[PDB]
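**Q** What follows is a single structure, and I will ask about it in a moment.
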Amino acid sequence: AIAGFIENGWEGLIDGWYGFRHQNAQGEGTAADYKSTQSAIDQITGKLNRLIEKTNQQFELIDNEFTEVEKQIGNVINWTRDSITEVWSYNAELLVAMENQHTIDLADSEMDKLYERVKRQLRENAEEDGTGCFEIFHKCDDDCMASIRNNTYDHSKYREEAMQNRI
Amino acid sequence: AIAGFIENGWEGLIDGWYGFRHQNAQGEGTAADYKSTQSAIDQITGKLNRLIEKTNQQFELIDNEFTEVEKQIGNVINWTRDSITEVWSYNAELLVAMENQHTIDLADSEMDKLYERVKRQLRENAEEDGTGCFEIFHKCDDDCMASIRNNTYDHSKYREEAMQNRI
Amino acid sequence: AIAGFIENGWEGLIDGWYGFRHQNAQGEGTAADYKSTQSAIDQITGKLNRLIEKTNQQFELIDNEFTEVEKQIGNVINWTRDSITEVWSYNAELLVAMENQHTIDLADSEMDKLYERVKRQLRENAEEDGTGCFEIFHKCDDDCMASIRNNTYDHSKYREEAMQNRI
Amino acid sequence: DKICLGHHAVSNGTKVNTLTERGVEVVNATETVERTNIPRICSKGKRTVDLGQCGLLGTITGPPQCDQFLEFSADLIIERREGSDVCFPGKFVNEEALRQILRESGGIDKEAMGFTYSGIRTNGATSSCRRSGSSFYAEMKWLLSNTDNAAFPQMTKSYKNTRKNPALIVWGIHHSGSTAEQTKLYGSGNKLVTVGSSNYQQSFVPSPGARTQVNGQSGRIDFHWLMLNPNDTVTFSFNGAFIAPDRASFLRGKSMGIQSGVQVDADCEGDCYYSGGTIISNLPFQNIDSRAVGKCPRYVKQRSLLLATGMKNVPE
Amino acid sequence: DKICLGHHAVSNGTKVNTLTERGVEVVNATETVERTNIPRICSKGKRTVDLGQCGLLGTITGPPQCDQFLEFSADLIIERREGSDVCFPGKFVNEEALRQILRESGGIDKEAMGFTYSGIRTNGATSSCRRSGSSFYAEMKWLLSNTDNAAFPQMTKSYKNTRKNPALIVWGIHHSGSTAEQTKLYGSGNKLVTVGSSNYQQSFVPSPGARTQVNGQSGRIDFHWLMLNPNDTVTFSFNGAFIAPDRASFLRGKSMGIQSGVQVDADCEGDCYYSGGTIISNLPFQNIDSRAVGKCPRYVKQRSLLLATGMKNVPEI
Amino acid sequence: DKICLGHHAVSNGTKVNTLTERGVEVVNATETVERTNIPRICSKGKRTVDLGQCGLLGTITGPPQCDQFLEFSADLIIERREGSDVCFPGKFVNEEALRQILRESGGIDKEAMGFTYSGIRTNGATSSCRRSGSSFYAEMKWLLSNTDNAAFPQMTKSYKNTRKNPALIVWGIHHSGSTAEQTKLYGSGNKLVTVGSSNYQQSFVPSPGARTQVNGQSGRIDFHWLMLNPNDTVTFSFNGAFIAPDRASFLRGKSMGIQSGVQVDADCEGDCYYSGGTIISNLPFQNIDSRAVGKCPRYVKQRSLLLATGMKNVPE
Ligand SMILES: *[C@@H]1O[C@H](CO)[C@@H](O)[C@H](O[C@@H]2O[C@H](CO)[C@@H](O)[C@H](O)[C@H]2NC(C)=O)[C@H]1NC(C)=O
Ligand SMILES: *[C@@H]1O[C@H](CO)[C@@H](O[C@@H]2O[C@H](CO)[C@@H](O)[C@H](O)[C@H]2NC(C)=O)[C@H](O)[C@H]1NC(C)=O
Ligand SMILES: *[C@@H]1O[C@H](CO)[C@@H](O[C@@H]2O[C@H](CO)[C@@H](O)[C@H](O)[C@H]2NC(C)=O)[C@H](O)[C@H]1NC(C)=O
Ligand SMILES: *[C@@H]1O[C@H](CO)[C@@H](O)[C@H](O)[C@H]1NC(C)=O
Ligand SMILES: *[C@@H]1O[C@H](CO)[C@@H](O)[C@H](O)[C@H]1NC(C)=O
Ligand SMILES: *[C@@H]1O[C@H](CO)[C@@H](O)[C@H](O)[C@H]1NC(C)=O
Ligand SMILES: *[C@@H]1O[C@H](CO)[C@@H](O)[C@H](O)[C@H]1NC(C)=O
Ligand SMILES: *[C@@H]1O[C@H](CO)[C@@H](O)[C@H](O)[C@H]1NC(C)=O
Ligand SMILES: *[C@@H]1O[C@H](CO)[C@@H](O)[C@H](O)[C@H]1NC(C)=O
Ligand SMILES: *[C@@H]1O[C@H](CO)[C@@H](O)[C@H](O)[C@H]1NC(C)=O
Ligand SMILES: *[C@@H]1O[C@H](CO)[C@@H](O)[C@H](O)[C@H]1NC(C)=O
Ligand SMILES: *[C@@H]1O[C@H](CO)[C@@H](O)[C@H](O)[C@H]1NC(C)=O
């Protein structure tokens with residue numbers, strides 16, 4: 001019924017970027033994580049703040065549109081300008097390609113940080129199903145779904161039941 | 001005898017880049033992972049398609065081999081060309097170094113993605129021994145090898161097998 | 001009392017970069033992992049040796065400070081130099097930012113490699129607690145933990161005691 | 001019970017170029033290459049001189065069409081395609097260096113040189129330049145050689161620059177268009193003009209040949225210029241065809257000059273300009289004008305580059 | 001049972017440079033910097049002119065070496081070291097700018113000036129240029145007076161550019177080898193050549209005098225050029241010492257030029273050329289010639305750079 | 001019981017930048033941009049000629065400030081702000097190109113021409129510069145008339161350049177202070193100078209100046225430069241006002257000339273030189289001088305960029 005980031009995304013998660021889905025006794029539900037989305041957003045915002053900034057070097061005109069400059073100096077200026085344009089076109093294409101690769105890998109990394117943190121938090125009380133979800137073998141209510149959502153979950157008081165359900 | 005990527009590469013894989021080795025009571029040997037190889041090859045070929053992209057900028061001569069240009073403009077052209085050459089040598093070495101680091105890290109990451117896929121598929125039925133091998137406690141000589149290579153493996157039937165035997 | 005890299009670093013680990021901290025009935029102490037720090041520092045030194053490479057292109061004077069060159073050629077030279085300065089300032093910021101991100105990510109990936117190596121070597125005899133430590137369920141002395149640092153800990157021990165302690 | 005971790009998605013996202021794959025769909029992305037512009041010049045908070053019917057160099061020699069801009073003060077100088085630097089036909093040597101100096105000049109602060117002449121007609125009226133009747137450049141004196149055919153004496157004049165800033169000194173050489181007209185206007189004989197200073201030296205000779213008639217006249221004025229260091233002196237020596245300066249041009253400070261074909265909109269703020277308008281954007285790159293002047297994004301060939309502002313799109 | 005993952009490896013492999021460490025062994029890697037070439041210029045699908053003995057600038061003035069190339073039309077212009085654009089010693093002023101104009105010009109379409117002369121013989125000739133017997137440059141008339149020591153009259157000529165394209169107008173000034181030669185050639189007097197147009201004005205003064213002998217004679221021609229806007233008129237004024245154009249040179253379109261020492265190959269399609277041949281290879285970089293022109297890979301200094309096409313070659317045990 | 005993994009951290013870390021966040025604290029970091037120079041020009045293992053009041057261009061003509069450097073060898077050429085390339089006032093045409101080739105020249109060699117023609121005063125001198133009494137550049141003769149108010153004879157002279165290397169030929173044209181000075185130095189006439197070669201062919205005409213007074217005199221020498229291909233012949237032809245060379249000059253090797261205002265040291269070695277000193281550093285970048293000469297770090301605008309050499313500094 002529900003699947004995680006391994007096979008598909010979750011259309012409908014309007015508030016935030018990262019979150020949890022639940023299949024509880026009360027049925028299906030969705031909630032935002034809020035911390036991981038804000039971390040990813042802060043990092044992307046930082047990247048944009050570094051790249052989306054204007055320079056401080058003012059450039060003057062060295063040619064003239066109305067009256068053409070001398071052919072030898074005009075051709076040297078045009079060659080230098082075209083080589084600079086090639087350098088900045090290369091730098092812009094490379095910058096956008098690595099920043100898109102870093103943004104995508106960053107977001108998948110943040111999804112993974114949330115996933116490993118939840119795995120470490122659940123310890124032996126949950127087992128991976130291979131689709132980005134954790135199958136929990138101790139019957140746990142909404143108060144305990146919320147305990148999983150934030151960093152308040154305590155391994156104690158579920159270990160014996162989850163192990164007996166797994167063994 | 002059954003080497004792993006963590007310690008050593010394989011010289012027996014001629015049908016691809018990534019694959020599996022098997023040891024059981026019916027036989028021993030290797031098989032290639034078609035999907036992982038094709039994915040890694042498609043990403044590297046796309047990388048090359050970006051790098052090998054032809055430039056559309058037409059450059060003209062601004063110097064002269066047969067006669068010499070004026071020494072001041074000549075030295076300005078030589079300096080500009082050498083500075084541009086230093087820029088392109090820097091970009092070429094940075095690009096090759098970053099593409100080689102990204103290519104090696106990408107292929108090893110893809111090996112990790114497949115490795116995690118196998119671990120996730122097996123769940124409680126196998127243990128990582130740190131050499132790149134999975135020690136499997138569910139005895140299978142034939143169908144399980146193809147099933148594990150594919151995604152069409154139903155770990156639950158043998159699950160009982162991978163707890164009794166490892167406890 | 002003791003927390004690892006997930007929550008905090010160490011201030012008393014003067015010798016080395018990567019290391020272990022130990023609590024037992026015989027006392028407490030800290031010891032560095034020579035191989036991990038030596039590998040990480042060798043990689044960082046190689047990175048520095050690449051960055052500190054000196055160019056073999058000797059640049060000459062084009063402008064003249066005591067007697068100003070002609071305004072048109074002087075302004076073309078100043079525009080070209082300012083554009084090259086912008087290119088090298090961009091490349092310098094991009095290189096320093098990328099290498100700082102790769103140094104931080106390298107240190108954390110290597111720390112994770114050491115973490116996984118310990119988990120792989122211990123198998124079911126230890127469980128991560130989520131704060132950068134592995135809880136050892138059976139009791140042991142300093143020598144077997146030194147063997148863990150020494151990469152000579154044999155898991156083929158009386159597993160049943162650790163299993164009974166977990167269950 | 002089961003919990004699933006994951007991320008949001010949209011039914012229709014946007015595509016970005018990554019290192020290995022050309023078309024990765026992402027939830028969100030923004031442009032890094034600016035393509036939008038405003039057809040008007042954004043010049044708010046800056047002193048702007050709209051040099052209609054007048055070029056940058058016309059503020060030095062003073063053709064009638066530039067009379068209001070002789071002592072202009074500006075932070076932004078806008079040169080127009082329909083304008084001209086020269087009214088009586090002619091041109092400058094090293095036009096580009098002088099225009100580059102004027103664009104950065106901060107405006108022009110002129111001071112009279114104090115040259116007094118006697119026995120010389122200083123009217124120099126020409127039908128090609130008019131305010132009323134026939135009137136030559138306001139700021140240049142065309143030293144005719146008295147009554148027709150009279151000899152022109154070999155005069156020596158000098159100007160000392162006493163200010164902290166260097167002086168811009170401009171003069172011309174008159175090419176009469178024929179030897180009959182040069183003999184009539186400046187008298188008979190060969191003419192020579194020399195200019196000296198500490199760090200500049202030159203000589204000029206008139207060329208009274210024959211030229212294509214432009215704006216009613218076939219002669220041409222070749223304009224020359226000198227940058228005079230503080231506390232130095234420029235000395236001129238001439239047998240005629242000197243077209244003497246009346247005032248020296250000093251630099252007011254710093255400014256930036258632009259070329260533009262569109263009207264000025266003084267309620268818009270920006271600091272980088274191009275021929276067809278202004279580019280107000282904080283994006284790192286542009287695809288508008290490869291020769292734009294000012295603090296504009298860096299020019300790239302690519303029409304559009306999308307830098308992802310969100311993760312990858314996985315449609316389900 | 002057991003399963004294990006692994007990866008392909010080879011006994012040898014190659015080495016690459018990575019971001020953190022140099023000399024990483026990989027299974028395979030390719031070069032991004034080209035070093036192999038064809039020692040010949042490959043030009044197919046383009047009109048190519050091979051200016052063997054004649055320099056590109058002579059395609060305006062018409063030395064005998066390029067009588068067949070006076071009105072040449074080409075997409076690719078080959079200039080060779082052994083050629084010269086001078087048959088009577090001399091040179092163009094700002095010759096590099098004019099060479100740059102001609103390389104991009106697409107060829108030369110010449111339209112007659114329509115000039116008529118009277119009282120001046122136009123059959124000037126030199127022993128340096130030897131088209132047959134003694135002949136002068138084809139596209140220019142060497143004006144004399146009449147007989148030896150005869151005065152040269154002052155005259156004015158003009159040409160209107162009636163086409164939509166700008167005209168390239170080229171003329172020369174003759175600097176005699178001595179004042180005695182000028183006494184024989186152009187008589188005696190002060191010489192002044194004046195050239196003007198709506199956006200151009202210049203004048204030239206001949207300077208007779210002894211010079212080192214080149215190709216057997218000391219006299220020299222300095223060649224000058226003008227770019228004439230449509231509907232504009234160039235006015236010329238002479239007192240002598242003028243090498244007059246007979247036809248204006250119009251540009252045909254767009255082309256590129258090559259300075260090279262190798263033969264032309266009509267079979268390969270190529271974009272990047274250098275003095276030793278052509279570089280036909282879709283690699284990011286080249287380390288062959290820093291002045292290569294056309295749609296060419298970027299020049300780098302490294303002898304080679306190996307970019308991995310696979311992962312690190314962890315050897316088998 | 002518990003095995004812990006962790007890493008070394010420091011309580012007072014260093015801030016570095018990353019692609020994603022600024023001000024990230026790391027355990028250790030170094031600089032990649034050098035800001036510290038050594039105030040002295042430290043030159044060892046390279047032959048250095050420490051010019052004083054003589055610039056590099058003047059080493060062709062031989063002014064009294066550097067008579068000891070009329071011929072020299074060097075790997076390093078140092079020009080000074082307080083120096084001069086002239087003693088008698090003058091200026092070179094295309095002086096920057098000539099200085100540029102001299103900085104690379106490796107030193108200077110010599111040959112000689114002659115100018116032994118009768119009727120000519122070959123040892124002219126001025127009051128501007130002296131060795132004891134009035135003197136002149138060792139490398140030039142002036143060619144004044146043998147007696148006052150005597151017509152200068154027209155003459156030709158040529159140099160065959162019988163050497164493998166191209167010859168550096170420098171000669172002057174004298175622009176008299178006034179026409180009366182020209183009559184005093186040379187007899188009446190229309191002065192003309194031509195220089196022929198297979199690729200130079202340049203004409204010059206003296207233009208009496210009536211210029212300002214520099215170093216006590218109003219006249220001036222205009223120095224002209226020709227670089228002569230091997231085995232080519234330079235032919236000079238003149239009617240006077242020709243500051244003839246005594247010696248023909250040649251290049252010696254390879255050098256890297258610099259301009260500076262500071263003293264020369266010699267107890268260390270380095271390759272990067274600039275107006276204020278040298279840069280001895282292996283860092284990839286520097287922020288001292290955009291005009292730095294030699295095999296040195298690349299100029300950037302940033303004062304400092306810190307490259308992390310350690311782990312992220314997470315405390316406790
Ligand atoms: C620097 O500029 C000079 C002219 O100002 C130019 O001669 C140099 O290159 C020349 O290139 C020729 C063709 O490759 C070569 O034969 C010649 O030896 C070489 N000049 C020198 C001194 O080696 C320009 N430098 C470069 C690197 O092109
Ligand atoms: C240098 O490049 C500019 C364009 O970036 C050239 O200017 C153009 O020239 C064409 C010639 O037909 C005109 O149609 C365009 O309108 C011009 N554009 C501008 C903005 O001026 C310039 O001619 C080139 N320089 C040389 C020497 O060719
Ligand atoms: C090119 O830029 C340099 C600055 O790097 C200019 O040199 C400075 O010019 C100012 C003008 O007042 C002087 O005060 C400085 O002392 C100069 N510094 C140096 C190191 O020369 C130079 O004038 C510019 N050139 C042109 C043609 O504009
Ligand atoms: C975690 O969520 C539960 C939900 O009710 C809340 O009561 C608790 O205070 C939260 N704890 C923290 C630390 O946010
Ligand atoms: C598993 O994949 C192999 C091809 O590698 C195929 O022949 C086999 O039929 C697949 N097994 C199943 C159950 O689909
Ligand atoms: C570590 O391993 C080496 C392997 O030879 C062994 O000699 C050494 O004694 C070991 N040390 C410890 C503390 O186990
Ligand atoms: C993309 O992000 C920008 C700013 O974060 C926002 O204004 C815009 O609406 C977003 N678009 C979509 C489709 O999410
Ligand atoms: C010019 O020289 C005088 C000499 O006393 C000095 O007082 C004055 O300040 C100088 N002016 C400039 C602009 O250098
Ligand atoms: C490895 O790369 C080389 C590059 O030339 C290629 O020829 C070879 O076929 C490649 N090998 C494989 C197995 O892809
Ligand atoms: C001026 O030139 C244009 C082409 O640029 C041409 O159409 C027009 O007819 C010309 N003017 C005259 C009067 O022929
Ligand atoms: C390092 O410590 C000193 C004082 O101990 C302090 O002034 C300095 O700011 C610290 N460094 C940083 C980066 O805060
Ligand atoms: C940082 O590394 C350098 C390497 O030379 C060392 O000298 C310095 O002491 C180190 N500083 C710290 C705080 O580790």
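Just so we're on the same page: first chain in the structure tokens is A, next is B, and so on; residues restart at 1 for each chain, and ligands are numbered from 1 in the order they show up.
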After a least-squares fit of chain C on chain A across every C-alpha pair in order, what's the RMSD, to one decimal?
**A**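 RMSD over all C-alpha atoms: 0.7 Å.
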**Q** Residues contacting ligand 4 - anything with an atom at most 9 Å away, using only C-alpha atoms and all ligand atoms - can you give me those as JSON, numbers by chain?
**A** {"A": [142, 143, 144, 145, 146, 147, 148, 149, 150, 151, 152, 153]}
**Q** Could the residues in this selection be written to a file with C-alpha atoms, as a PDB file, in the first residue's frame?
**A**
ATOM      1  CA  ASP A 142       0.128   6.756  17.407  1.00  0.00           C
ATOM      2  CA  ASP A 143       1.909   7.969  20.549  1.00  0.00           C
ATOM      3  CA  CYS A 144       4.696   5.560  19.652  1.00  0.00           C
ATOM      4  CA  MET A 145       4.617   6.542  15.982  1.00  0.00           C
ATOM      5  CA  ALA A 146       5.233  10.074  17.243  1.00  0.00           C
ATOM      6  CA  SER A 147       7.982   8.763  19.507  1.00  0.00           C
ATOM      7  CA  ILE A 148       9.604   7.338  16.376  1.00  0.00           C
ATOM      8  CA  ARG A 149       9.120  10.620  14.468  1.00  0.00           C
ATOM      9  CA  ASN A 150      11.325  12.652  16.843  1.00  0.00           C
ATOM     10  CA  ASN A 151      14.432  11.593  18.781  1.00  0.00           C
ATOM     11  CA  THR A 152      12.545  10.382  21.861  1.00  0.00           C
ATOM     12  CA  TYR A 153      12.244   6.655  21.118  1.00  0.00           C
TER      13      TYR A 153
END
**Q** Set the cut-off to 12 Å, count only C-alpha atoms and all ligand atoms, and list whatever residues fall near ligand 9 as a PyMOL selection string.
**A** (chain B and resi 13-18+37-38+40-42+44-45+48) or (chain E and resi 7-10+13-14+26-32+306-311+313)
**Q** Could you tell me how far CA of residue 57 (chain C) sits from CA of residue 46 (chain F), in Å to one decimal place?
**A**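 Computed distance, CA of residue 46 (chain F) to CA of residue 57 (chain C), equals 17.9 Å.
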**Q** From region 13-126 of chain A, collect each residue whose DSSP state is strand (DSSP E) and return the set as an MDAnalysis selection string.
**A** chainID A and resid 18:24 27:32 126
**Q** Let me see the file: selected residues, N, CA and C atoms, as a JSON list (two decimals), in the first residue's frame.
**A**
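Here's the written file again14.json:
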[["chain", "number", "residue", "atom", "x", "y", "z"],
["A", 18, "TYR", "N", 10.87, 15.95, 3.46],
["A", 18, "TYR", "CA", 11.15, 14.63, 4.01],
["A", 18, "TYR", "C", 10.11, 14.33, 5.07],
["A", 19, "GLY", "N", 9.73, 13.07, 5.19],
["A", 19, "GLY", "CA", 8.74, 12.74, 6.19],
["A", 19, "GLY", "C", 8.52, 11.25, 6.29],
["A", 20, "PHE", "N", 7.51, 10.91, 7.07],
["A", 20, "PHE", "CA", 7.16, 9.54, 7.40],
["A", 20, "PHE", "C", 5.74, 9.24, 6.94],
["A", 21, "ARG", "N", 5.51, 7.99, 6.57],
["A", 21, "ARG", "CA", 4.19, 7.46, 6.32],
["A", 21, "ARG", "C", 3.97, 6.31, 7.29],
["A", 22, "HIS", "N", 2.73, 6.12, 7.70],
["A", 22, "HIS", "CA", 2.37, 5.15, 8.71],
["A", 22, "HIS", "C", 1.23, 4.30, 8.21],
["A", 23, "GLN", "N", 1.29, 3.01, 8.51],
["A", 23, "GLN", "CA", 0.20, 2.06, 8.33],
["A", 23, "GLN", "C", -0.05, 1.52, 9.73],
["A", 24, "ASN", "N", -0.91, 2.19, 10.48],
["A", 24, "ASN", "CA", -1.17, 1.89, 11.88],
["A", 24, "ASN", "C", -2.51, 1.19, 12.01],
["A", 27, "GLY", "N", -5.01, 3.05, 10.39],
["A", 27, "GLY", "CA", -4.88, 3.15, 8.95],
["A", 27, "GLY", "C", -3.71, 4.00, 8.49],
["A", 28, "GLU", "N", -3.84, 4.47, 7.25],
["A", 28, "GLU", "CA", -2.77, 5.19, 6.57],
["A", 28, "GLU", "C", -2.67, 6.63, 7.04],
["A", 29, "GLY", "N", -1.45, 7.14, 7.13],
["A", 29, "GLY", "CA", -1.26, 8.56, 7.41],
["A", 29, "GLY", "C", 0.12, 9.03, 6.98],
["A", 30, "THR", "N", 0.27, 10.36, 6.93],
["A", 30, "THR", "CA", 1.50, 11.00, 6.49],
["A", 30, "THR", "C", 1.84, 12.17, 7.41],
["A", 31, "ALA", "N", 3.14, 12.36, 7.68],
["A", 31, "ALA", "CA", 3.60, 13.49, 8.48],
["A", 31, "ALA", "C", 4.98, 13.92, 8.01],
["A", 32, "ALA", "N", 5.26, 15.21, 8.13],
["A", 32, "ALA", "CA", 6.58, 15.74, 7.80],
["A", 32, "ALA", "C", 7.58, 15.51, 8.92],
["A", 126, "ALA", "N", 13.08, -3.55, 14.59],
["A", 126, "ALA", "CA", 12.56, -3.33, 13.26],
["A", 126, "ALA", "C", 13.48, -4.02, 12.27]]
**Q** Neighbouring residues of region 194-198 of chain E were defined as those with any atom within 7 Å, considering only C-alpha atoms; residues of the same chain fewer than 2 positions away were excluded. Please report them as a list in words.
**A**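 Contacts, with the query itself left out: residues 207, 209, 210, 211, 212 and 214 of chain D; 192, 200, 201, 202, 203, 204, 232, 233, 234, 235, 236, 237 and 238 of chain E.
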**Q** Which value, in Å to one decimal, gives the distance between CA of residue 244 (chain E) and CA of residue 170 (chain E)?
**A**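 The value is 8.3 Å.
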**Q** Calculate how many Å separate CA of residue 293 (chain E) from CA of residue 258 (chain E), rounding to one decimal.
**A**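 These atoms are spaced 7.9 Å apart.
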**Q** Find the spatial neighbours of residue 74 (chain B), counting only C-alpha atoms, within a cut-off of 12 Å - ignore same-chain residues fewer than 2 positions away - and output them as a PyMOL selection string.
**A** (chain A and resi 72-73+76) or (chain B and resi 62-65+67-72+76-81) or (chain C and resi 62+73) or (chain E and resi 96) or (chain F and resi 96-97+100-101)
**Q** Those residues with C-alpha atoms, as an mmCIF file, in the first residue's frame please?
**A**
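Contents of part21.cif, freshly written:
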data_model
loop_
_atom_site.group_PDB
_atom_site.id
_atom_site.type_symbol
_atom_site.label_atom_id
_atom_site.label_comp_id
_atom_site.auth_asym_id
_atom_site.auth_seq_id
_atom_site.Cartn_x
_atom_site.Cartn_y
_atom_site.Cartn_z
ATOM 1 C CA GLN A 72 43.941 44.387 -35.591
ATOM 2 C CA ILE A 73 42.922 45.534 -32.113
ATOM 3 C CA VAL A 76 42.516 40.724 -30.754
ATOM 4 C CA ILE B 62 45.434 36.492 -34.850
ATOM 5 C CA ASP B 63 49.152 35.746 -35.279
ATOM 6 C CA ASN B 64 51.481 35.010 -38.197
ATOM 7 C CA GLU B 65 53.995 32.217 -38.733
ATOM 8 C CA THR B 67 56.042 37.108 -40.900
ATOM 9 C CA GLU B 68 56.083 38.622 -37.421
ATOM 10 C CA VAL B 69 53.497 40.930 -35.868
ATOM 11 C CA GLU B 70 54.474 44.094 -33.998
ATOM 12 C CA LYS B 71 56.392 43.171 -30.865
ATOM 13 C CA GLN B 72 54.060 44.889 -28.386
ATOM 14 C CA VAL B 76 50.241 40.846 -25.632
ATOM 15 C CA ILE B 77 48.879 38.032 -27.808
ATOM 16 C CA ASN B 78 51.531 35.622 -26.498
ATOM 17 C CA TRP B 79 50.726 36.519 -22.887
ATOM 18 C CA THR B 80 46.975 36.251 -23.428
ATOM 19 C CA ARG B 81 47.332 32.913 -25.222
ATOM 20 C CA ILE C 62 53.367 43.636 -20.553
ATOM 21 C CA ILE C 73 46.475 48.917 -25.445
ATOM 22 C CA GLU E 96 48.156 41.665 -40.530
ATOM 23 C CA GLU F 96 57.401 49.428 -24.661
ATOM 24 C CA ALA F 97 58.099 46.799 -27.322
ATOM 25 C CA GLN F 100 59.942 44.092 -23.666
ATOM 26 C CA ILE F 101 62.497 42.491 -25.983
#
**Q** What does the list of residues within 10 Å of ligand 12 look like if you count only C-alpha atoms and all ligand atoms, written as a list in words?
**A** residues 14, 17 and 45 of chain C; 8, 9, 10, 11, 12, 13, 14, 26, 27, 28, 29, 30, 308, 309 and 310 of chain F
**Q** Can I get the selected residues back with N, CA and C atoms, as a compact mmCIF listing (two decimals), in the first residue's frame?
**A**
# COMPACT_ATOMS: atom_id res chain seq x y z
N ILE C 14 45.45 13.12 21.22
CA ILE C 14 46.52 13.97 20.71
C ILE C 14 47.29 13.26 19.61
N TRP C 17 44.53 10.79 14.44
CA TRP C 17 43.27 11.41 14.05
C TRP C 17 42.09 10.49 14.34
N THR C 45 47.98 14.67 2.23
CA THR C 45 49.27 15.17 1.76
C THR C 45 49.37 15.08 0.24
N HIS F 8 39.76 12.87 16.57
CA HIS F 8 40.39 13.98 17.28
C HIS F 8 39.74 15.30 16.90
N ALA F 9 39.40 16.08 17.92
CA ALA F 9 38.83 17.41 17.78
C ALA F 9 39.61 18.37 18.66
N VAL F 10 39.51 19.65 18.33
CA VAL F 10 40.16 20.71 19.10
C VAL F 10 39.08 21.66 19.58
N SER F 11 39.33 22.28 20.72
CA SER F 11 38.37 23.19 21.32
C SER F 11 38.30 24.55 20.63
N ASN F 12 39.33 24.94 19.87
CA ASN F 12 39.37 26.27 19.26
C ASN F 12 39.83 26.05 17.82
N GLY F 13 38.87 25.84 16.92
CA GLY F 13 39.14 25.43 15.56
C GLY F 13 39.33 26.60 14.62
N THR F 14 39.43 26.27 13.33
CA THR F 14 39.66 27.26 12.28
C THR F 14 38.55 27.20 11.24
N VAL F 26 36.91 23.53 11.17
CA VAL F 26 37.71 22.33 10.99
C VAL F 26 38.86 22.37 12.00
N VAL F 27 39.40 21.18 12.27
CA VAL F 27 40.46 21.04 13.26
C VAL F 27 41.72 21.78 12.83
N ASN F 28 42.10 21.67 11.55
CA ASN F 28 43.32 22.29 11.05
C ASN F 28 43.08 22.77 9.63
N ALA F 29 43.78 23.83 9.26
CA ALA F 29 43.67 24.39 7.92
C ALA F 29 44.93 25.18 7.64
N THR F 30 45.23 25.33 6.35
CA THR F 30 46.36 26.14 5.90
C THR F 30 45.86 27.14 4.87
N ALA F 308 41.11 23.21 4.23
CA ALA F 308 41.08 22.33 5.38
C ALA F 308 42.10 21.22 5.20
N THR F 309 42.80 20.91 6.28
CA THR F 309 43.77 19.83 6.32
C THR F 309 43.40 18.90 7.48
N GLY F 310 42.12 18.84 7.81
CA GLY F 310 41.69 18.00 8.90
C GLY F 310 40.18 17.83 8.92
**Q** Within 12 Å of chain A, which residues belong to chain C? Use only C-alpha atoms and report them as a ChimeraX atom specification.
**A** /C:6,71-91,93-95,97-98,101-102,105,124,126-135,163,166-167
**Q** Tell me which of F:313, F:95, F:226, F:61 sits closest to ligand 11, counting only C-alpha atoms and all ligand atoms.
**A**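 Among F:313, F:95, F:226, F:61, it is F:313 that comes nearest to ligand 11.
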**Q** At a cut-off of 10 Å and counting only C-alpha atoms and all ligand atoms, what residues surround ligand 10? Please answer as a list in words.
**A** residues 161, 162, 163, 164, 165, 166, 229, 230, 231 and 232 of chain E
